[PDB]
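Chemist: A structural model of the following input is requested.
(2 chains)
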Amino acid sequence: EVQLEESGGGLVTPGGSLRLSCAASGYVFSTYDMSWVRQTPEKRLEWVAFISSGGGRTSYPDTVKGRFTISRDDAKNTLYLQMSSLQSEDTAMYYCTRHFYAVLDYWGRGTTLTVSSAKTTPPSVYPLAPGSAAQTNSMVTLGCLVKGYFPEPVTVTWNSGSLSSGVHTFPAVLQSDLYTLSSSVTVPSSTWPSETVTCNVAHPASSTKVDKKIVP
Amino acid sequence: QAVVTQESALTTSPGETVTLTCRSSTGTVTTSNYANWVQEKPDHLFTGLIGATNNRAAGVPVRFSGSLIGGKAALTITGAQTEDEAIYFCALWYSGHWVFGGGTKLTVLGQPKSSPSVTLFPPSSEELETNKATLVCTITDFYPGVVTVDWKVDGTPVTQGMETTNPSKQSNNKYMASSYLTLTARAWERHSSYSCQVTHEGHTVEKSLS
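Modeler: Residues are numbered from 1 along each chain as shown, chains lettered A, B, ... in the order given. Next up is the structure itself:
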């Protein structure tokens, strides 16, 4: 089976350089033309580079011409994307794809690139309580607001994993160079506030953990 | 260069036939644009369906086909199935450059339409000490996966300070989304009514707080 595996991304700072790799296997790599394409956090796809069989023709959109260089090493079945003068607009998941007779058929799993000046920062955790007592019914929904961290990810659990049904942990948003996200859990009204509910937030990059108790 | 546009979202029933279109700002798609159609399935999993306008890749089920219609490239799914609920991107070749459209979110109803359950939360006392107030509106359990959220403060439409996440798929295959209203703690104190309104399938569910 055809397999494409990209690697080399991570966290870099604006103005920096990096080289991604796309390792191919299961077909004769040298016969086909290839492209790198990226997917932005807004979820748009952008083509970013192309190289032909033989490596004699390469082409790029104007947004990266002069900064990115695509190349290929047929002896190793690997496609490279050399990136310099990185800017935060390069933050995206990068994917290599092969041109199989004008069909972009196989795509690798992708590798994450985050271009940011932010420093590593633990989140502050705020409790989301219903407050207004004119509830809805017999289930109550609580939450945790996890604000200002960098970089991703964060993991959230409720009562150290004891509470797992009805939890919703939302994708993050980027506000002012830092991420924010929320998580909520719906529990039977006989439970809270008689019993304690806590959100346990772990931020691996800062090696930080915050346990926040939700009180009416 | 060219601006490629596609329908944003489409809904169909399984066993039905749907067509997705792809247009260029440049004028008219032709055969020399070698239109491709790529599918995006949950967990950033991409598969090339069609290339050179109407050549299907190997392994792609026969219900996918491509063509040029009225100056546009088109994808037809004859007999849409439940596993066809995905994002379909279009890409047009222009002299050595690929130009991709924004993607069409296709829904193939595999379950009954389900209304969002909405919850609006007041800013917490701890955040008020930092002089900032975040209102959070959580929206879960909706299907199909497309909603519209509008905020109001004292009956006036809000035009800035709000951020809503893109619908994300839940474990029961319904979707969920979140919306945030970011005020200063002064502002929060100076207004008295706050509303989060969610529009799903022509119905508006509104949660409010004074």
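
Chemist: Count residues in the vicinity of residue 179, would you?
Modeler: No chain specified, so I'll use chain A. As a burial measure, residue A:179 scores 22 neighbours (other Cβ atoms under 10 Å in any protein chain shown). Any C-beta I mention is one placed from the backbone N, CA and C, and that applies to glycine too.

Chemist: ah, I was thinking of chain B
Modeler: 24.

Chemist: just checking, residue B:38 touches residue B:44?
Modeler: No: applying Cβ atoms under 8 Å as the test, residue B:38 and residue B:44 come out as separate, 12.0 Å apart.

Chemist: The two: who's more crowded?
Modeler: residue B:38 (24 against 14).

Chemist: List the buried residues of stretch A:135-152.
Modeler: A:140-151 (16 or more other Cβ atoms under 10 Å in any protein chain shown).

Chemist: Let me know whether residue A:110 touches residue A:94 as I believe.
Modeler: Yes: the criterion here is Cβ under 8 Å, and residue A:110 meets it with residue A:94 at 6.3 Å.

Chemist: Need the residues touching each of the two.
Modeler: residue A:6 (Cβ atoms under 8 Å, 6 or more residues apart in numbering or on different chains).

Chemist: where do the helices sit along the chain?
Modeler: Using chain A here. Under the criterion DSSP state H, chain A contains no helices.

Chemist: ah, I was thinking of chain B
Modeler: Going by DSSP H, chain B shows helices at B:125-128, B:185-190.

Chemist: ok, back up a step: the buried residues of stretch A:135-152: which ones sit near chain B?
Modeler: A:141, A:143, A:145, A:147 (Cβ under 8 Å from any Cβ of the partner chain).

Chemist: and of those, the nearest to residue B:113?
Modeler: Nearest to residue B:113 among those, counting by Cβ to Cβ, is residue A:141 at 22.1 Å.

Chemist: wait, what's in contact with residue 183?
Modeler: Reading this off chain A. So residue A:183 contacts A:143-144, A:146, A:156, A:158, A:167-170, A:199 (Cβ under 8 Å, 6+ apart).

Chemist: Not quite, go with chain B.
Modeler: B:123, B:132-135, B:161.

Chemist: And residue A:175, by the same measure?
Modeler: Contacts for residue A:175 (Cβ under 8 Å, 6+ apart) come out as A:148, B:163, B:180, B:182.

Chemist: Let's see that with 7 Å instead.
Modeler: residue B:163 (Cβ atoms under 7 Å, 6 or more residues apart in numbering or on different chains).

Chemist: next one: residue B:2
Modeler: Residue B:2 makes contacts with B:24-26, B:92, B:94, B:99, as judged by Cβ under 7 Å, 6+ apart.

Chemist: Neighbour count and distance to residue B:169 added to those, as CSV?
Modeler: Listed next are the contacts of residue B:2 as CSV, based on neighbours: other Cβ atoms under 10 Å in any protein chain shown; distance: Cβ to Cβ, whole Å:
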residue, neighbour count, distance to residue B:169
B:24, 23, 31
B:25, 10, 32
B:26, 15, 35
B:92, 24, 29
B:94, 15, 33
B:99, 20, 28
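
Chemist: for the residue of chain B found nearest chain A, what are its contacts?
Modeler: Chain A sits closest to residue B:51 of chain B, with a gap of 3.0 Å, by Cβ to the nearest Cβ. Neighbouring residues of residue B:51 by Cβ under 7 Å, 6+ apart: A:102-104, B:34, B:36, B:57.

Chemist: Counting neighbours, which of these comes out on top?
Modeler: Counting by other Cβ under 10 Å, top hit in those: residue B:36 with 29 neighbours.

Chemist: wait, that residue sits on residue B:49?
Modeler: No: contact between residue B:36 and residue B:49 fails when scored by Cβ atoms under 7 Å: they sit 8.1 Å apart.

Chemist: ok so, going back, mind putting the helices of chain B into TSV with mean neighbour count?
Modeler: TSV is the format used below for the helices of chain B (neighbours: other Cβ atoms under 10 Å in any protein chain shown):
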stretch	mean neighbour count
helix B:125-128	14
helix B:185-190	14
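
Chemist: mind putting those in JSON lines, distance to residue B:152 included?
Modeler: Compiled in JSON lines, these are given as follows (distance: least, Cβ to Cβ, whole Å):
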{"stretch": "helix B:125-128", "distance to residue B:152": "21"}
{"stretch": "helix B:185-190", "distance to residue B:152": "14"}
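
Chemist: and residue B:173, which of these is closest to it?
Modeler: Of the helices of chain B, nearest to residue B:173 by Cβ to Cβ is helix B:125-128, at 33.7 Å.

Chemist: which residues touch residue 193?
Modeler: In the absence of a named chain, chain A is used. Neighbours of residue A:193 in contact, by Cβ under 7 Å, 6+ apart: A:215-216.

Chemist: you looked at the wrong chain, it should be chain B
Modeler: Residue B:193 neighbours (Cβ under 7 Å, 6+ apart): B:154-155, B:208, B:210.

Chemist: Domain map for the chain?
Modeler: With no chain named, the answer covers chain A. Listed by curated CATH domains, the domain ranges of chain A are A:1-117, A:118-216.

Chemist: oops, I was thinking of chain B
Modeler: Split by curated CATH domains, chain B gives B:1-110, B:111-209.

Chemist: Get me the contact residues on chain A for chain B.
Modeler: Proximity of chain A to chain B (Cβ under 7 Å from any Cβ of the partner chain) is limited to residues A:35, A:39, A:43-47, A:50, A:59, A:61, A:93, A:95, A:100, A:102-105, A:107, A:110, A:126-128, A:131-132, A:141, A:143, A:145, A:168, A:170-171, A:173, A:175, A:182, A:184.

Chemist: Of the residues you listed, just the buried ones, PyMOL syntax please.
Modeler: The following PyMOL line selects those of those that are buried, judged by 16+ other Cβ under 10 Å:
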select buried, chain A and resi 35+39+45+46+47+50+59+61+93+95+100+102+103+104+105+107+110+126+127+128+141+143+145+168+170+171+173+182+184
